[PDB]
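To begin, one chain is listed below as structure tokens, in the form deposited in one PDB entry.
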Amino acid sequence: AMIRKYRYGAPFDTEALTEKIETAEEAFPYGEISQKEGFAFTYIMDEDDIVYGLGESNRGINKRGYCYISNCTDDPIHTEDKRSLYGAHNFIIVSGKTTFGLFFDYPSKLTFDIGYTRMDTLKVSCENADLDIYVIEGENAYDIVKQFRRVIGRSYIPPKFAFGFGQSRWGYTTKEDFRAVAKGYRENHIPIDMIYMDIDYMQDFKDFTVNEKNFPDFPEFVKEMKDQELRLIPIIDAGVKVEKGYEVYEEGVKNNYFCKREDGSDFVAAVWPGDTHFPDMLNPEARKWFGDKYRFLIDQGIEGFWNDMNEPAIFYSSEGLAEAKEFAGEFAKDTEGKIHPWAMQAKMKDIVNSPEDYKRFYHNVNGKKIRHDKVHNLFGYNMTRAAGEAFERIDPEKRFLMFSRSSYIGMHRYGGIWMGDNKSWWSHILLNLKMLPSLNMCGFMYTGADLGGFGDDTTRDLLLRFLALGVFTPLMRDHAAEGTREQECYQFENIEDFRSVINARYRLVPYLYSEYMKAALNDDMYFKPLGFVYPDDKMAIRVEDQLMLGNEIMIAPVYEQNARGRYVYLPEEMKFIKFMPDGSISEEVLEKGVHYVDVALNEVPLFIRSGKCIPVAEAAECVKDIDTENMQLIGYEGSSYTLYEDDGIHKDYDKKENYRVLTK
């Protein structure tokens, strides 16, 4: 009703929305539209306007002052200059005197020039005028986000164990590796629920295999781990290894389930297994086939998966590599200095994630051929869709843990996302924080970043501050790249500080799970910018390093090295709470306004809003062992809290039995 859909040309059906909106037949209601050069929408912003949205994208909560390109890309260096990361989340909200939301339902490269060229000018452009643009009206940004959340369908809901702590590393390969992790945590009584299995668990990186040498009785290992409340979470990649006798490959070739070149052959992309084919994720029969392969792991006791490299990432194509070797032979023969090393270096970089390669393969959509670049940002989304749909077919009532690196709006119904390859940088604590509300606006609630940083070398104090933010993010996972300084919690001196921080997570799990469930079930946000909760407070609307969570608390993590506290702005009176390393809970009332709060490395801070309280459990070492029967309430006298809790396993969300009222 307050949502209208403006159709240009003949757009591709992304299935991002679950709700049907009729095509509007009036002139576009904001700014101006031009087709002189592909498609461009231009809008002149007021100087006080804030722009929210874009889900997983670079920089801040207010998107003004830079350029953002929705073009799912495998880029491990998230510096401020980058215009594209892994996600394509084409929803923005202009917020000010004039307020409206826009969703550009377009599956290809889409450029958001948000004051980059001229500060007052918002320009959104793409190559082809074949798209739907949804215009959402409302009193404020928050109401517009809520309408949007309604029409894109309910967010993915994880199983409760996924709210525990998880540990992973690109490098764990053998039973011994995994047992050392289990032992490193359990014998030091650091809580944990999950261990991630990265690409080395497979036989030569073949999807839907297990290295039968390292795991000759894999279901028995899965049980050994699960008996200790440790759930193994295996990676699945986009590329299917080319290899004779490998059933997944053979089936794919025989039934034409792979993406093909223009000449009809199966396109070759080299990734971890060397030569691979990509399953045609936009083909329904291929998707059913590919998703059903997950049963191979599910039958073995596996309850969760993560999907990687699904941009899809390409190290090189056969075509790219041939050009590379040819160039290199010229370089090698050059004696006159006609070919500089720089040109040689550039060619080598050019064959990776090449825009040319994305034009070299096609999807078969219900019989019709579509060049991949035209639908590039739909790939990772449909790979995760394939898995989610398969889960429904095998056990309609069971929640599986599922999250994906690349995504597009619509995928939020089928899995979460992690924020990809960050770095052990202090700036990435803050980057992690700012991405949270924007993802929430776009449907992606189950999210998190690699705690401690994926690439480069972490330090003890950096890992502790990351963990203290991760305490509040639904996906809380310590994961590192190969070759990095080891960053399992037991690798550092005074490990009692890591126990204290992760203890805080487990004490908060019933509250955090409850808020997640209440928000997901009501198409609402888990994390919100302060401006959404205090929209009449000009100071509050511009705060970017604090977030509101549910309706009870605010978080404000320390993200500066050597800092012993940080500044905060409280838009109302709050109780400043700290989980202390001795197990106690420090509390102090603070009035509305500016404060510097002391927060030590081994203290986890939060703020409880006036007239609110939250339940806190005693610390336990796995989700199953959390005692929720008579939790302590922290916060304001005379307040109450409605706890959501179900069995954490099935999908019986609609019971009054799931809710109970607690009173301080």
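Residue positions are given as counts along the sequence shown, with the first one as 1. Here, rigid core means the biggest group of C-alpha atoms that superpose within 1.5 Å across both forms.
From this point on, the text means the form deposited in another entry, which you will not see here.
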Original post:
Which one of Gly470, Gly101, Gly531, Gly453 is the only residue whose C-alpha moves by 2 Å or more between this form and the one not shown, after superposing on the core?
Top reply: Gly453
**OP:** Would you say whether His78 is displaced between this form and the one not shown, judging by a C-alpha shift of 2 Å or more on the superposed rigid core?
**Re:** yes
Original post:
Under a superposition restricted to the rigid core, does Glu591 display a Cα displacement of 2 angstroms or more between this form and the one not shown?
Top reply: no
Original post:
Quick one: core overlaid, is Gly483 moving 2 Å or more at the Cα between this form and the one not shown?
Top reply: yes
Subject >> Cα-Cα shift for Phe315 and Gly452, closer or farther in the other form, minimum 3 Å >> reply: closer
**OP:** Compare the CA separation of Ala346 and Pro76 in the other form with the one in the displayed structure, and answer closer or farther (the difference is at least 3 Å).
**Re:** closer
